[PDB]
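Read the structure below first, then the notes.
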Amino acid sequence: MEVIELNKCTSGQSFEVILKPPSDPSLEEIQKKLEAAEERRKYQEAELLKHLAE
Amino acid sequence: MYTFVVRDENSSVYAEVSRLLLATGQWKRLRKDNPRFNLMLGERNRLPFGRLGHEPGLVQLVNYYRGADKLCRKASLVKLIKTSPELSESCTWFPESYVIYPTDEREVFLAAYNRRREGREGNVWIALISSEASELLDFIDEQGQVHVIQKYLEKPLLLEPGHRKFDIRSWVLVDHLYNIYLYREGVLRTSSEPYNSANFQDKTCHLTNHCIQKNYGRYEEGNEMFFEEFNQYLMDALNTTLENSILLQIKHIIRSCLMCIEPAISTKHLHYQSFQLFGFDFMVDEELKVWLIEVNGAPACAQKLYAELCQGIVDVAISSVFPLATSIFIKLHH
Amino acid sequence: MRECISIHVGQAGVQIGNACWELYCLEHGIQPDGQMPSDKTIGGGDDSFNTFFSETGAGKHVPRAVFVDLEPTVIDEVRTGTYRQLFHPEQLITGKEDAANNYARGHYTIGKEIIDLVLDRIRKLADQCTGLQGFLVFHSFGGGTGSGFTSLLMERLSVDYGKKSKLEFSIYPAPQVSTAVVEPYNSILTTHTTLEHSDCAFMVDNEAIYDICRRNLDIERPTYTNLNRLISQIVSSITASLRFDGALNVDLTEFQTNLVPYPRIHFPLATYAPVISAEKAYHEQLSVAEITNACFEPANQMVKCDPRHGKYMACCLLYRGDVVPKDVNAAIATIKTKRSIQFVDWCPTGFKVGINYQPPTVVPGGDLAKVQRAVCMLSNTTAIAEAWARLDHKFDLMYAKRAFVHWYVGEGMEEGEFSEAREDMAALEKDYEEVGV
Amino acid sequence: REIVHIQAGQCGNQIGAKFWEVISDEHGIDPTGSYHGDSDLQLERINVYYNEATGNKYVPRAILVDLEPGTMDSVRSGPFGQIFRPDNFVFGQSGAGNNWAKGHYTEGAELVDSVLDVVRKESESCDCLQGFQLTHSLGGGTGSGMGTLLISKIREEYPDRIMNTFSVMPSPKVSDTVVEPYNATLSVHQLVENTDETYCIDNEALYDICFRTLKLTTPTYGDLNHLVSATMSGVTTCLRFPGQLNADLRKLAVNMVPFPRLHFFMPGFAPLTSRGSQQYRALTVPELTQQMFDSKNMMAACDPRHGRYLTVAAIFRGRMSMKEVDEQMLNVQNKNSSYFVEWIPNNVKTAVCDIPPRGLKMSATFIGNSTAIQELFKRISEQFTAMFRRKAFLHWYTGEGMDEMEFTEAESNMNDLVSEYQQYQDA
Ligand SMILES: Nc1nc2c(ncn2[C@@H]2O[C@H](COP(=O)(O)OP(=O)(O)OP(=O)(O)O)[C@@H](O)[C@H]2O)c(=O)[nH]1
Ligand SMILES: Nc1ncnc2c1ncn2[C@@H]1O[C@H](COP(=O)(O)OP(=O)(O)CP(=O)(O)O)[C@@H](O)[C@H]1O
Ligand SMILES: Nc1nc2c(ncn2[C@@H]2O[C@H](COP(=O)(O)OP(=O)(O)O)[C@@H](O)[C@H]2O)c(=O)[nH]1
Ligand SMILES: COc1ccc(C=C2c3ccccc3C(=O)c3ccccc32)cc1O
Ligand SMILES: [Ca+2]
Ligand SMILES: [Mg+2]
Ligand SMILES: [Mg+2]
């Protein structure tokens, strides 16, 4: 019903129609997560090479 | 070879359907959580409609209409009727009702309670049955959940011999094309104890539930009169038929209720598909004027009618989508 | 004028990025060699299209875009493709071996050895900006790179560009074109880690696009090319307000303002119409009322769901072609009385409308026919939560047996992150439930 | 992503030589190592298996190993014997006498370093080595013993590379010696730990197929290898040719292996054909799909109905309706959804390749990770125990330094593997 905020230009136009009214982690922590996961990989690989060494 | 699943064990109707399906030797029941199904006889609560119609290479069908609860819940049915222009506040086949929350339209209800009292006309209502507003509001707040207050039909039609109260149960099947099918066989859930106009305390002749009644089995087997007998009584006692005096109104009410919510629940262009069996409870006053009481989304059938109705469901609602290698239904055209 | 940088991660991101930028060039009349004859301000300017294209003294218009994939195969086709001259080497980044459909491998293992390079190549674009708005990130949910590396990138951008907005164009997994069995794992994992870092995300379910191509373009087996050219049209409709003169959604902040009242619930549903086959001999052009009505058909949505059984928080209509406000309002009034459109009680029941008189451009030799008027509706409805429900269910089935989990644990990820991600998703489904019912 | 091929022992070299012979024809490569094809599809992913020399000469990235020169001299004198890099011929003289201990601990330990020097020389040429593939038998001594020794030492030097194997299982129906169950049991112990993917090629299955289906009265090792070479060509199709999913062993492993130890696949193939006998009628897609799932078409003598499929990979070759493929594949799953685990959604994936194998207008290769594979290991375990309960023929092994405990341990691990498969069959 109510058309408002009609804005017109050469490219087109825009408006709003209403039918009814209403009723972060730091660089430190990130580098910590990545390196911590890298350590777990190193540990897993070391356990393998140790197992293979046996 | 089609496939289906069962997720409602307590369903007497569809326990029989799954039986019939298996007996064709062209349907295979799968486990509960097997997603690769053609048909789903889903649960009553928290049915996962969102997970339907996303299996490539499978046409999927479910035995429930999403959003049909708005019709099959007493609090919702009132709101639906009052807000929908199709039914309107002026609806003549639905009793005057109001939505009441425990400590909403309580002030609105009292405004009508006054005209009844300041008019010296019938002023009995129902949630228990009472003629005093205070006795009712004190009962709702004592229960906990939301209740609906409704005008009590003080002048119901009474079967003879017995001076008995009764209600009518009609079974309606809506398929995937939203064809509205009325089961030709209905049943009158009667009271055996004579209707008492003065004493509302005794709720044994006011409430006609099959459980409460179970004078049980005096006049007919199990307090259940079918249409052939009821039709005969109307002819002998009132010089009319079930078709003319009542069934036209019933078909009108059913048609109107389902047409109202069609755009909200229709699965015409959906990725999955729905059908559903409903149970409409009707009430007849002394002037042969039909009133809608409520709608059941998960209705049980009558023992005699299980075999015929359940088979009917397979024919028009299931086999119509999944065909295999005169009609008991009356099509309410629209 | 404020610039926008487009980031394309993984196979899906890159190949969709190619479709979009191809289309962009055709809409602005830019040639494969980057020359734009209509641009009379040689070597610079602050026009609307400069939001996406920077300029060189030689008169070349280059995309403000970076392509990144942990495998060289896909981007190599950009290096040697028809628009090879458009981008320059520093924009096209490639690794040696991919993430192997593994989130943990893309995020932790391989992500760590290339993240600094990527951010540096991004920083080089940002330095060429006078006023950076933010980023548009294209990626898949299912891919190891698209899921794993994206989330890591999104985390760092929030650190290096804290004041900048970040939008997503995300491909939701569909078995009909799925490449991995563990895509639900990757989807939940990247969604959990990216959620706090994304201001607004447009999900496209490959299932929806696949069936739209089959149903409306009569393509029996849609290829990625078929899917992507259709997606690029939708993406174009969404970003057109950033590239052309207008007053609606003129910057990235306005997307969150107009579509996302609640931060976590920042997944607007896109619905596009009309989709018509180019090899359709005889076609009757559709009207404003007809295409606007199609915006409420699930068969036209980017995600198959039922908005009737949910609640709207916001709704924008974006028209392109022969359209005027009068016909739009007439179409809305009619639709309102025929369809179920429930808004949340704390939002006005209304529509923000944007019209561009230039009709949608079609790729020569493409599958889409030229139309006189098209529309893309952006509605934030709780019904899109059905997609989260589907996805979390598949996640639960596999994780209950810890199937495939060892692949992620082997890349340095903890098994706890699975349950932590799933819990965050369980909360998300709850948020949608509170708002919607 | 380059793959380094290795073939060990008599069986390993004979199926290995046959494998290169088949795919060399598919890629247009002749015995000289020169290309003579008509499609660029043939050369797009040929780097995966072939090294390119000057003058555009294609040489297999293959290493031939044995503890005796007999079989390798036959290869070198075979049809495509000249294509192989002569330096990649690494062989001993003593043999292994069908003894796992000799191949793994004594005779093979003396030769293994020489092999790893050739592996290292090949790997250093690779732009980005993705992994290895081994062809060998488990019933002998060299392929079984030294082959698994190689795998262990390759897993010590390239621990982040994929190890794949085509392992021929022994069978009394096609037996050379009685100690095959010993050699096989000892080898399975190794494969469970040190491979990502193992294609179980059962000689019992290959025999039954040749006898029952192909109606060959007396099948030879040549007949058996016609089935193997056809299967090996199929399972490596997506690795060797352009397609939707982009050619690498890790993505196969990730999607096929829900649990690390359960990585023993059942190969299948359709249509089943015998040597020389040309078929004139191409199979319809419904026929390819039906047959490739039939137990009669499985290369591992296990009944798939006795177990459940964890994951499945299917590759159709030839000019066909990829839509019809989709429907038929979806039909199988939707018809027999009980034989697929429900806790791995969409565990069946399919790919298509335009290029068909030689002699067929179209074909279908099956790669299944079924829990029914336990039947294979139970069979070997029963044969193992029948002898081991009396310590029969054990002196062949203790004479090489082995102890009875190592047999008891190998026996225990395979029985564990069996029970692990059984755990997920009743999930
Ligand atoms: N719409 C569309 N989806 C795609 C396209 N390419 C891949 N996908 C989807 O992306 C998902 C897999 O992610 P990819 O982008 O292919 O993989 P990636 O991002 O490169 O990550 P990795 O290869 O595992 O390292 C699958 O579900 C595909 O369906 C594309 O071009 N268009
Ligand atoms: N407003 C009214 N006026 C007259 N009778 C009424 C009435 N409201 C209810 N009743 C009488 O109500 C009895 C029981 O309750 P109601 O109809 O709400 O059943 P439930 O027990 O709520 C539905 P059903 O058991 O059929 O699923 C009706 O069947 C009828 O006997
Ligand atoms: N399929 C096939 N199996 C073989 C062949 N030669 C031997 N075998 C099997 O391999 C086992 C013997 O191993 P073999 O390769 O001869 O021992 P090795 O040379 O010391 O490795 C037995 O179980 C045989 O059935 C062959 O050419 N083809
Ligand atoms: C069981 O789920 C999956 C199993 C395997 C794959 C990928 C593969 C695969 C991946 C890379 C290379 C080769 C292969 C194949 O040759 C193959 C053949 C048919 C179908 C899938 C696959 C992808 C999946 O999603
Ligand atoms: Ca300019
Ligand atoms: Mg990739
Ligand atoms: Mg031998």
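Each answer follows from the model by the rule given with it, or from the source it names; no laboratory instrument gave them. With ideal geometry, Cβ positions are generated from the backbone for all residues, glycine too; neighbour counts draw on all protein chains shown.
Look through C:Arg229, C:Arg243 and report the one residue that is farther than 14 Å from C:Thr51 by Cα and charged (D, E, K, R).
The unique qualifying residue is C:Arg229.
Looking only at segment B:312-326, how many residues end up being closer than 25 Å to B:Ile261 by Cβ and assigned to a loop (DSSP other than H, G, I, E, B)?
The number of residues fulfilling the criteria is 2.
When you scan segment C:90-109, do you find a residue that is buried (at least 20 other Cβ atoms within 10 Å of the Cβ) and within 26 Å of C:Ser237 (Cα to Cα), even just one?
Looking through segment C:90-109, at least one residue is buried (at least 20 other Cβ atoms within 10 Å of the Cβ) and within 26 Å of C:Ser237 (Cα to Cα).
Within segment C:396-410, can one find any residue that is part of a loop (DSSP other than H, G, I, E, B), under 28 Å from C:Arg105 (Cβ atoms) and in contact with a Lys or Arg (Cβ under 9 Å, 6 or more places away or on another chain)?
yes
List the number of the failed condition for A:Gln31; all other conditions in (1) under 35 Å from the mean Cα position of the chain (by Cα); (2) facing chain C (nearest Cβ under 7 Å) hold.
With respect to (1) under 35 Å from the mean Cα position of the chain (by Cα); (2) facing chain C (nearest Cβ under 7 Å), A:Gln31 is out only on (2).
Are there any helices (runs of 4 or more DSSP H) wholly within segment D:214-258 with 3 or more residues that are more than 15 Å from the chain's Cα centre (by Cα), and if so which?
Where helices (runs of 4 or more DSSP H) fall fully within segment D:214-258 and carry at least 3 residues being more than 15 Å from the chain's Cα centre (by Cα), they are D:221-235, D:249-256.
Out of all the residues in segment C:331-364, which are more than 7 Å from chain A (Cβ to nearest Cβ) and under 20 Å from the mean Cα position of the chain (by Cα)?
C:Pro360, C:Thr361, C:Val362, C:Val363
Which of the following residues is within 13 Å of ligand 1 (Cβ to nearest atom) and away from chain D (no Cβ under 14 Å): C:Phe87, C:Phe67?
C:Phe67
Which residue is nearest to ligand 5 (Cβ to nearest atom), if the candidates are limited to segment D:8-22 and must be closer than 18 Å to D:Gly145 by Cα and assigned to a helix (DSSP H, G or I)?
My answer is D:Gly16.
Name the residue, out of C:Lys60, C:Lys40, that is assigned by CATH to the domain that holds C:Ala126 and either within 16 Å of ligand 1 (Cβ to nearest atom) or within 21 Å of C:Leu132 (Cα to Cα) (or both).
When all the criteria are applied, what remains is C:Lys60.
Take the residues in segment D:224-279 that are touching a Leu at 6+ places or on another chain (Cβ under 6 Å) and under 19 Å from D:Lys296 (Cα atoms), then tell me which one is nearest to the other protein chains (Cβ to nearest Cβ).
Out of the qualifying residues, it is D:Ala270.
Please go through segment C:206-247 and give me each residue that is in contact with a helix residue (DSSP H, G or I) (Cβ under 6 Å, 6 or more places away or on another chain) and not in a helix (DSSP H, G or I), ordered by number.
Correct list: C:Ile219, C:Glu220, C:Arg221, C:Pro222.
Do we find that D:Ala313 is surrounded by 21 or more Cβ atoms within 10 Å (Cβ to Cβ), under 19 Å from the mean Cα position of the chain (by Cα) and part of a strand (DSSP E or B) in this structure?
For D:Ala313, the condition - surrounded by 21 or more Cβ atoms within 10 Å (Cβ to Cβ), under 19 Å from the mean Cα position of the chain (by Cα) and part of a strand (DSSP E or B) - is met.
Table: residues versus (1) of a type in the set (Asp, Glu); (2) within 16 Å of ligand 4 (Cβ to nearest atom); (3) buried (at least 20 other Cβ atoms within 10 Å of the Cβ).
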{"residue": "C:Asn18", "(1), (2), (3)": "no, no, yes"}
{"residue": "C:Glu27", "(1), (2), (3)": "yes, no, no"}
{"residue": "C:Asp33", "(1), (2), (3)": "yes, no, no"}
{"residue": "C:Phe49", "(1), (2), (3)": "no, no, yes"}
{"residue": "C:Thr56", "(1), (2), (3)": "no, no, no"}
{"residue": "C:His61", "(1), (2), (3)": "no, no, yes"}
{"residue": "C:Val66", "(1), (2), (3)": "no, no, yes"}
{"residue": "C:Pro72", "(1), (2), (3)": "no, no, no"}
{"residue": "C:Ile75", "(1), (2), (3)": "no, no, yes"}
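Please enumerate the residues belonging to segment B:49-81 that are away from chain D (no Cβ under 14 Å), in a loop (DSSP other than H, G, I, E, B), of a type outside the set (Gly, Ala, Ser) and over 15 Å from the mean Cα position of the chain (by Cα).
Of everything in segment B:49-81, those that are away from chain D (no Cβ under 14 Å), in a loop (DSSP other than H, G, I, E, B), of a type outside the set (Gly, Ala, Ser) and over 15 Å from the mean Cα position of the chain (by Cα) turn out to be B:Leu52, B:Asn63, B:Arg66.
Can you find even one residue in segment D:46-58 that is assigned to a loop (DSSP other than H, G, I, E, B) and among the aliphatic types (A, V, I, L, M)?
Among the residues of segment D:46-58, not one is assigned to a loop (DSSP other than H, G, I, E, B) and among the aliphatic types (A, V, I, L, M), which makes the answer no.
Could you list, in sequence order, all residues of segment B:21-34 that are crowded, with 16+ Cβ neighbours inside 10 Å and at the interface with another protein chain (Cβ under 7 Å from one of its Cβ atoms)?
B:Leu30
Quick one: C:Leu397 ticks every box in (1) out of contact with any helix residue (DSSP H, G or I) (no Cβ under 7 Å at 6 or more places or on another chain); (2) at the interface with another protein chain (Cβ under 9 Å from one of its Cβ atoms); (3) closer than 15 Å to C:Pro307 by Cβ except a single one, so which number is it?
Of the numbered conditions (1) out of contact with any helix residue (DSSP H, G or I) (no Cβ under 7 Å at 6 or more places or on another chain); (2) at the interface with another protein chain (Cβ under 9 Å from one of its Cβ atoms); (3) closer than 15 Å to C:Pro307 by Cβ, the odd one out for C:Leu397 is (3).
Can you name the helices (runs of 4 or more DSSP H) wholly within segment D:81-184 that have at least 2 residues being under 19 Å from D:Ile3 (Cα atoms), away from ligand 4 (no atom under 16 Å from the Cβ) and within 14 Å of another protein chain (Cβ to nearest Cβ)?
Where helices (runs of 4 or more DSSP H) fall fully within segment D:81-184 and carry at least 2 residues being under 19 Å from D:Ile3 (Cα atoms), away from ligand 4 (no atom under 16 Å from the Cβ) and within 14 Å of another protein chain (Cβ to nearest Cβ), they are D:147-157.
The rows are residues; the columns are (1) more than 25 Å from the chain's Cα centre (by Cα); (2) surrounded by fewer than 19 Cβ atoms within 10 Å (Cβ to Cβ); (3) under 28 Å from D:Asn183 (Cα atoms); (4) among the hydroxyl-bearing types (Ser, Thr, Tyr).
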site: D:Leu330; (1), (2), (3), (4): yes, no, no, no
site: D:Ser338; (1), (2), (3), (4): yes, yes, no, yes
site: D:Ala351; (1), (2), (3), (4): no, yes, no, no
site: D:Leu360; (1), (2), (3), (4): no, yes, no, no
site: D:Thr365; (1), (2), (3), (4): no, no, no, yes
site: D:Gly368; (1), (2), (3), (4): no, no, yes, no
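How many residues does segment C:400-409 hold that are surrounded by 24 or more Cβ atoms within 10 Å (Cβ to Cβ) and either in contact with a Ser or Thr (Cβ under 7 Å, 6 or more places away or on another chain) or more than 7 Å from every other protein chain (Cβ to nearest Cβ) (or both)?
Residues meeting the conditions: 1.
For (1) over 23 Å from the mean Cα position of the chain (by Cα); (2) of a type outside the set (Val, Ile, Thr), each residue gets a yes or a no:
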position	(1), (2)
B:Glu154	no, yes
B:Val174	no, no
B:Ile180	no, no
B:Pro194	yes, yes
B:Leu238	yes, yes
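So is D:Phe393 part of a helix (DSSP H, G or I) and among the aromatic types (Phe, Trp, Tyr) or not?
no
Which residue out of C:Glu207, C:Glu196, C:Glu168 is buried (at least 21 other Cβ atoms within 10 Å of the Cβ) and under 24 Å from C:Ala427 (Cα atoms)?
One residue alone meets the criteria, C:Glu168.
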